[PDB]
Structure formats: C-alpha cells, structure tokens
Amino acid sequence: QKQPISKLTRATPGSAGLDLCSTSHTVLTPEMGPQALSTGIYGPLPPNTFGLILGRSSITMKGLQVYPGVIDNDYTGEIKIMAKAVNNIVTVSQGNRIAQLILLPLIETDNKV
Amino acid sequence: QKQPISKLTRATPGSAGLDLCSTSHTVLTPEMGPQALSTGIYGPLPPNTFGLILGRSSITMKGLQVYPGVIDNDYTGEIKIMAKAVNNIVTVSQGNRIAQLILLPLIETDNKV
Amino acid sequence: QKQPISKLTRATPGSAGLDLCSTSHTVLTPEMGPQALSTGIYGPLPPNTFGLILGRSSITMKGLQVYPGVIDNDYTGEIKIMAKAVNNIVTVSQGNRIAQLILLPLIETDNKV
Ligand SMILES: O=c1ccn([C@H]2C[C@H](O)[C@@H](COP(=O)(O)O)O2)c(=O)[nH]1
Ligand SMILES: O=c1ccn([C@H]2C[C@H](O)[C@@H](COP(=O)(O)O)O2)c(=O)[nH]1
Ligand SMILES: O=c1ccn([C@H]2C[C@H](O)[C@@H](COP(=O)(O)O)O2)c(=O)[nH]1
C-alpha cells in the first residue's frame with residue numbers, strides 16, 4: 001500500500017478489533033489450503049503492544065476460516081490474513097472486511113533472545 | 001437465558017477462562033460446516049475489557065473445533081460458540097463445557113471510529 | 001523434559017511469542033485429526049499471567065494447523081501443541097519450531113470458583 005495501522009478504523013468505540021480487508025478479489029476452495037491474503041497494511045505496532053489477527057464471526061459462519069496470526073511489535077512488513085475455505089467455495093470481494101486486528105500488551109520476561 | 005457473564009464460573013483460581021456450555025443437545029458433522037451454538041449467556045463485558053472465545057483442549061482432541069471469537073465490550077447479545085466437527089460426528093450434550101471465555105484488556109488507540 | 005518456560009527463547013526483542021518445538025519426529029495426515037505434540041516444556045507460568053499457544057505463519061502456510069490453546073497460570077504439566085494436518089501429509093522433524101507461546105495478563109474478576 002504502504003498504509004500504517006493508524007489508518008485502520010474500529011467500527012464502534014467498544015469494538016476490540018481494527019477491521020482488515022483484502023486488497024484483491026480472491027476465490028478460495030477447500031483443496032487450496034491456507035492462503036495468505038494481502039491487505040496493503042503494514043506494521044510496526046504501537047510501543048509495548050503486539051497484534052493478533054482473528055476472523056470476524058459473520059465471515060467464519062460463511063465458511064471462511066482465518067488462522068490466528070501473531071504480529072510482532074517490530075514487524076514492518078505487510079500484514080497478511082492467513083485464510084482457508086472450510087467446506088465450500090468462498091469468494092472474497094475486494095474491500096470486504098475479512099478479519100480484524102486486536103492489539104494486546106506485550107509482557108516483558110527474562111527469556112533469552 | 002438471559003444470564004450475564006458474572007454468572008459464569010472458573011474451575012480453579014489459576015484458570016484463565018470462564019467455562020461455556022451449550023444450552024442444547026447438538027449433533028455436528030464435518031459437512032455441516034461452522035455452526036453457532038447457543039449458550040444463554042449475554043454480554044456486555046466489564047469496563048475496559050473485551051472477551052475471547054476459545055476451545056477447551058479435551059474437546060478439541062475429541063474432534064470439535066471452536067473458532068476463536070472476539071466479544072466486544074459493548075456487545076449485549078447472546079454469546080454463541082462458533083464450532084465445527086473436524087473429522088467425525090461430534091455429539092454435544094446439553095451442559096457439556098465446550099469452550100471458555102477469556103477476558104483481555106482493551107487497549108485505547110487513536111484509530112478513527 | 002522437565003524444562004520450565006524460562007528456558008524458552010524469543011527470536012527478537014519485538015517477538016511476542018516464545019518458540020515451541022516438538023521433541024519427536026511426527027508424521028500427520030488429515031484423517032488423523034487433532035494430535036497433541038509433546039514439547040518437553042512444563043508450566044507453571046509467571047504470577048498473574050496465563051499462556052496462549054498459537055501457530056507460526058510459516059508452518060500454517062505449510063498445511064499444519066495449530067489449535068489455540070489456553071495454558072492456566074497454575075498448570076504444572078507438560079505444554080502440548082494441539083495440531084492437525086489440513087490438506088496434505090505434514091512431517092514434523094524433531095526440533096522444528098512449530099508453535100509459539102504468548103504470555104497475557106490474567107484479569108481478576110468476581111466470578112465464582
Ligand atoms: O464466537 C463468537 C464471535 C462473535 N460473537 C458476537 C460478539 C461480537 O461482538 C459480535 C460481532 O462479531 P463479528 O461479526 O463482528 O466478529 O458477535 C459471538 O457471540 N461469538
Ligand atoms: O494447547 C494446549 C491447550 C491446553 N493445554 C494444557 C494447559 C491447560 O491449562 C490444560 C487444561 O486445558 P483444558 O482442557 O481445560 O482446555 O491443558 C496444553 O498443554 N496445550
Ligand atoms: O497471520 C499472520 C501471521 C503472521 N504475519 C507476519 C507478522 C509476523 O510478525 C511475521 C512472522 O510470523 P511467524 O512466521 O514467525 O509466525 O509474519 C502476518 O502478516 N499475518
């Protein structure tokens with residue numbers, strides 16, 4: 001894109017997630033397996049947070065599975081949605097809100113690096 | 001139901017999750033795809049938190065997949081468990097603990113709404 | 001093993017997750033359904049935190065699904081990765097980093113126990 005995370009919108013003040021759409025029209029089938037969908041949105045994330053990509057319920061019920069994805073605080077690449085058609089052919093129109101990004105606190109530990 | 005989240009119980013003081021059961025007896029097969037299971041439990045959530053629905057390991061190993069679900073802080077509807085039979089026929093008895101609700105902090109950002 | 005969580009490493013300072021490998025060579029197929037992979041790493045977790053097991057994207061794209069798993073703060077058993085081959089035969093070499101553990105804050109509520 002390259003657009004940053006600050007450009008994403010949350011649907012309501014109580015909404016935990018920032019909505020993510022695919023930039024492309026994509027058709028998915030079960031036998032295709034996991035596919036990485038492009039968003040045109042780029043890390044990195046606010047200080048001391050990491051990101052979690054999760055599906056929206058509406059889209060899940062429609063047979064599109066979003067695999068939970070961890071976004072590191074310092075990742076500066078494109079944020080892609082890992083998705084699979086569950087049972088049937090799923091068609092993703094450009095600009096449909098497929099997933100959501102949740103920001104979570106990044107806990108410090110003494111683990112080696 | 002309508003019952004609130006305060007009515008849920010956690011199995012041990014160290015348990016991260018509040019246990020969720022289905023109110024109905026339900027049979028699930030792989031070709032059915034994602035099904036929304038009723039809990040009779042309703043949002044909303046404590047201030048400055050959001051909720052995450054996740055599966056229990058025992059139930060996962062038994063072939064019932066729970067799709068991660070985000071519950072918004074201000075959602076006042078019924079909390080439903082999005083589930084799928086993975087490989088085989090899964091039978092869910094009324095009152096079996098199928099999923100768990102985790103409460104997480106809702107981080108404030110300057111994202112447009 | 002028994003090794004504690006403090007022995008795990010994080011790949012970069014910005015990495016949210018602690019990397020998890022299987023201790024065994026394992027072959028997985030779709031018809032096998034969910035399998036619990038041994039890590040040789042044991043709870044419990046730092047005070048006031050709980051753990052979440054999630055997949056790595058690279059491994060997900062390769063057709064290995066990791067089911068999100070909650071680790072309770074006071075769990076003192078072995079941390080196992082719940083996994084399934086999605087579409088094809090997946091082979092897991094001993095010592096490949098399959099999953100990651102994320103630490104999250106454990107919120108106190110007045111829920112009965
Ligand atoms: O597993 C789930 C996921 C979502 N919801 C409810 C709570 C959410 O705030 C609301 C809207 O979800 P989305 O379609 O925007 O994901 O649906 C559930 O009951 N269970
Ligand atoms: O992916 C997982 C999920 C759970 N557990 C362990 C830690 C939990 O505290 C314990 C009990 O899990 P449940 O059956 O209640 O989900 O199992 C794992 O090792 N890996
Ligand atoms: O759904 C996902 C999961 C991961 N990533 C990006 C951000 C991560 O920091 C980076 C590396 O992920 P891993 O392979 O280590 O999981 O990939 C995504 O864009 N989408």
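By convention in this document, chain letters (A, B, ...) are assigned in the order of the sequence lines, proteins followed by strands, and residues within each chain are numbered from 1. Any value given below was found using the heavy atoms of this structure, including those in side chains, with hydrogens, waters and symmetry copies removed. Just follow the structure's listing: the first ligand is 1, and inside any ligand the first atom is 1.
Among residues two or more places apart in sequence or in another chain, the side-chain hydrogen bond (donor to acceptor under 3.5 Å, both in side chains) test is passed with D74(C) by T12(B). Residues satisfying the side-chain hydrogen bond (donor to acceptor under 3.5 Å, both in side chains) test with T29(A), not counting sequence neighbours, are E31(A).
At a heavy-atom distance under 4.0 Å, only backbone atoms of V70(A) (N, CA, C or O) approach ligand 3.
You'll find the side chain of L45(C) reaches within 4.5 Å of the side chain of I71(C), heavy atoms only. Residues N73(A) and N48(A) are not in side-chain contact: their nearest non-hydrogen atoms beyond the backbone lie 4.5 Å or more apart. Put simply, the side chain of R56(B) reaches to within 4.5 Å of the side chain of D19(B), judged on heavy atoms. The closest side-chain heavy-atom distance from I107(C) to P105(B) is below 4.5 Å.
Atoms of ligand 2 found under 4.0 Å from any heavy atom of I79(C), numbered from 1 in the order shown, are 19 (O). Each of the atoms 19 (O) of ligand 2 lies under 4.0 Å from some heavy atom of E78(C). If you number the atoms of ligand 2 from 1 as listed, the ones under 4.0 Å from a heavy atom of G69(C) come out as 1 (O), 2 (C), 3 (C).
Among all protein heavy atoms, the one lying closest to atom 20 (N) of ligand 1 is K80(B) O, 2.7 Å. Considering only non-hydrogen protein atoms, atom 6 (C) of ligand 1 sits nearest to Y75(B) CZ, 3.7 Å. Among protein heavy atoms, atom 11 (C) of ligand 1 sits closest to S57(A) OG, 4.1 Å.
Considering backbone and side-chain atoms alike, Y67(A) places every N or O at 3.5 Å or more from each N or O of ligand 3.
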